[PDB]
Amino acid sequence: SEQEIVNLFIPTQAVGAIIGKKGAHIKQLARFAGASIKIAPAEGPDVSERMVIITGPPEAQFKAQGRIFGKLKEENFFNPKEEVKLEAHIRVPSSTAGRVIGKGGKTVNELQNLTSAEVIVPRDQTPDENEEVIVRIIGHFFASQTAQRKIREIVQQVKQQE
């Protein structure tokens, strides 16, 4: 139950609703979830998505991400007859990324089949100063939470070993 950083991407048009008047909503979410929730600066004036940085343990991530998913649903940011679907980025050790993929890509293939979330480890990544790379997770709230949960397990199982 360590403190993780998750980048959750939301539609740019929803920033005002997520922040709220005088920032009352995003402050409320931060207290409710017990997590830090900040809106990262925009890469440009016409980007279609904005990045929310959520810092906190798994139980806090569930509440912070969940309340953001739920707020977007209230604001009607889903497709017709569909659930709110968001992309999130998590950081895993570069040395464990191959284990998330599995031999022949079979581990990531089963993972996507069980959760219904799309799980992508972008190619040709340069590990960051912590020697960590990105895993992309796209799906509805519960699918995203389950995918995140199992990826965290794989990461911890590899550490356990040696």
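In this text, residue numbers run from 1 along the sequence as written.
K.L.:
Compare the mean C-alpha B-factor of 2-10 with that of 152-160 as given in the PDB entry, and name the stretch with the higher value.
P.N.:
According to the PDB entry, the answer is 152-160.
K.L.:
Looking at the deposited entry, does 38-46 or 92-100 carry the larger mean Cα B-factor?
P.N.:
The stretch with the larger mean CA B-factor is 38-46.
K.L.:
Could you check 125, 107, 61, 113 and tell me which one carries the biggest Cα B-factor in the deposited entry?
P.N.:
The C-alpha B-factor peaks, among 125, 107, 61, 113, at 113.
K.L.:
Would you mind checking where the Cα B-factor of residue 57 ranks among the modelled residues of its chain, as the lowest, middle or highest third?
P.N.:
CA B-factor rank for residue 57: highest third.
K.L.:
Residue 28's Cα B-factor: lowest, middle or highest third of the chain?
P.N.:
It belongs to the highest third of the chain when residues are ordered by C-alpha B-factor.
K.L.:
Can you tell me whether residue 83 has a C-alpha B-factor in the lowest, middle or highest third compared with the other modelled residues of the same chain?
P.N.:
For residue 83, the deposited C-alpha B-factor lands in the highest third.
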